[PDB]
Structures are given as C-alpha cells and as structure tokens.
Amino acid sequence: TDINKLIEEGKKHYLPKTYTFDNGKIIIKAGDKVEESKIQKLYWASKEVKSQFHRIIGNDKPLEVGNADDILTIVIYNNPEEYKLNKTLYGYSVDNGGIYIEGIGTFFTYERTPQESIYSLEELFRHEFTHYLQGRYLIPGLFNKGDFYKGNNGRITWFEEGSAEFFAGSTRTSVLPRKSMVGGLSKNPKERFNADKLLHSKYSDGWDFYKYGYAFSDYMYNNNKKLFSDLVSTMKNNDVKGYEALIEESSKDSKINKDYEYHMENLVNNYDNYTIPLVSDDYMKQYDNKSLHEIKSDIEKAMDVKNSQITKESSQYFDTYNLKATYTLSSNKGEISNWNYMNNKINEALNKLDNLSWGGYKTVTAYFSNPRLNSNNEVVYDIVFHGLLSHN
C-alpha cells in the first residue's frame, strides 16, 4: 500500500552502504559490492577536478544560494544490470553510463568491468562530476531552465560537454589529455570538426561533438587561455548575448581554426602519452598525525601568504583540512600573464610541500580564484588548499 516506503526499501536493498564526507556535504550511497577503496578514490579524484576547475573558471562561490547541490549525493549501483532499477527507484533515464541531475544535486551511476565500458568508474565520475561543478559555479539557473537554455536550448552544449570531458583529466597540477577521447578523433584531418561546426553542435547532431568539444577545450587550455577565460566570464554573468557574440566571432576566425586543427594533430600524434590521469596511491596511505598549526605554517611559507585560516572537516574514514588565504600580486601584468603566474606559483607551492618529509603533503590540492582589485589597484586572489589531516 505504501509505495514510497516500498521504494525506500528497494533503495536500501540495492544501495545498502552509505559513506559520508566533508561534514556531510558529500554522501555516497552504494551497492554492497562497490569497494570502499574505490569510494575513497572517487572522493580524492573529485578534489583534483575541483581544484583545476576553480583555477580555470575563476570562481569558487556558488552562483545561487540554497540550491540542492549544497550537498552532492553520489549513487553507485553494483553493476550495469542493477543500474536499470534507477528508472523506477529514483525516476531518471538509465540509457547512459550515469547521469547528473542538478535539481537534486545527485549523480547516479554504477561500478563496471573493463568489458562493460571503456570508462572506469573513476574516469566516468571525473567527467560527470564536472557537470556538478558547472551547475554550481559556472552556469546560472538549473540545467535546461536557466537563461543559457532558453531560446536556443543547445547554445552551450558543445562547451558544457566538451569541458566536462576535458576536466576529467585533472591532476594535482594540471589537466592532462585522455586516451579515450583522443583515440576517437579521426586520423584523417579532413574528417575533423572545424570551430564553426563544433561551436554550433547540439545533442540532435549525434555524438561526435563530444570528442571535438573535448579537443577544443584542451586547445583553449594550452593555446588560447583568453578565449577560455572570456567564455567562462560570459557564463558566470548570465550574459547570453555576450556569449553568442563571442561564439560568432570565434566561429569565423581562421587563426582559431588553424590552431585548433594543429592542436588536434598534436593530440593524435601524442596518443600514447595520454593514459587517464587516475588518483595516486598516495591518498590511501597512513601517515603520522601532524598538527594543523604546523600544516598552516608550512603552507604559509610555501605559498607566501599570511594570516590564513585553517579548518578541520570530518569524513568517515579520515579528517581533512582547508586552508584559506588571500594573495596579492606585486605586479599586474594582465589576465593571462596573471593566471599563469598564479598557476605556476601554486604548483611550485605544492612541489615544495611534496618535498618535505611528511607524506600527507602528497594529498594536497590547491586553487586560486575570484581575482579583484583592491584600493591600490593591486590584484588580490583567494587561495584554498585542501588535504588529508589524519586517517581514522
């Protein structure tokens, strides 16, 4: 009689395990055969992707206050067959390898073998997690409802999907290319998308645009940071006309097309180097306990920041910390020079911490974001470092 109760019981049966992280801000519900070690890898993978995303997008403040994605729920069925039950249990399409629903802040997927998918669970999760990030920090309103989806519902599709594919390759220090994506790009240059074709792609065009959107995102990151910056700026601002104008300009630009084509050629040539950047074993090791005060002191030295705030959070297998500070640029040399300065500096800080004796520093992720000019017209950034404090 009580259908809702029966459904809750079914969820409990198929997803009997619950793992919580970050003082309850990440909840993972999973089948009894999904390994705890895998669950932990996904948590640390999420921090690598998060940090690269904030570095590039330049914002770590949710665009809206009080959305469902204040809590990220991850639902992992045991296998592809049990995943089909998600249509009945939760109500969402199971015709995919997983799906993120912004309105409930929930990603649904399943553990799988290499014979069931090209994509390992961590690889797929790293892609789909970026939809969560895009929904929260980059695209105003909800998916298929905000102003970016009105009128021309596919105007952002090439970027939303292409950038998700790209950010899946995040590491502690960069975003690296993915074999699964590069391998699909045509060996024949004449069959590859040009910029105009990509930048107007929609879901109804088929699925080739995902790989070419991936490649265009890697092209921007490595060779056209200004366009990447300019696009994300229009998105954060809900500036649909600005975005559209930028797409039209970029679609007709022969230098962008030449450089994009060259970049694809280089990706294809370097295919063997592009094994998916999955998280290191460094995250699973036990280390000595080290105090927050000492961690703060080391990070302040490595990054040249002062008066930082460090705070502990609890997960069920370990405690973590976030250190927050600001950094003021001695010299303003324009957007892209500043970006590179900060990206290099933050990576040098991570390298210095890595070279210290405490192994816990190998778990650290870091970003800079939200630049603004102070009263003396100096550029100030927010800085955040995240790391393991102690295993339980």
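Residue indices: 1-based, along the sequence shown.
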### Summary
For 382-390 versus 3-11, entry-based mean Cα B-factors point to 3-11
### Query
Going by the B-factors listed in the PDB entry, is the mean over the C-alpha atoms higher for 359-367 or for 330-338?
330-338
### Query
For the listed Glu111, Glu102, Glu128, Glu81, which has the peak Cα B-factor recorded in the PDB entry?
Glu81
### Deposited CA B-factor, highest of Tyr317, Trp158, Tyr283, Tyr219
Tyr317
### Message
For the chain shown, is the CA B-factor of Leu85 in the lowest, middle or highest third of its modelled residues?
### Response
highest
### Task
Please rank the C-alpha B-factors of the chain's modelled residues and tell me whether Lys41 sits in the lowest, middle or highest third.
lowest
### Task
Please rank the C-alpha B-factors of the chain's modelled residues and tell me whether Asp60 sits in the lowest, middle or highest third.
lowest
### Query
What third of the chain, by the recorded C-alpha B-factor, contains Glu123?
lowest
### B-factor third for the C-alpha atom of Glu294 within its chain
highest
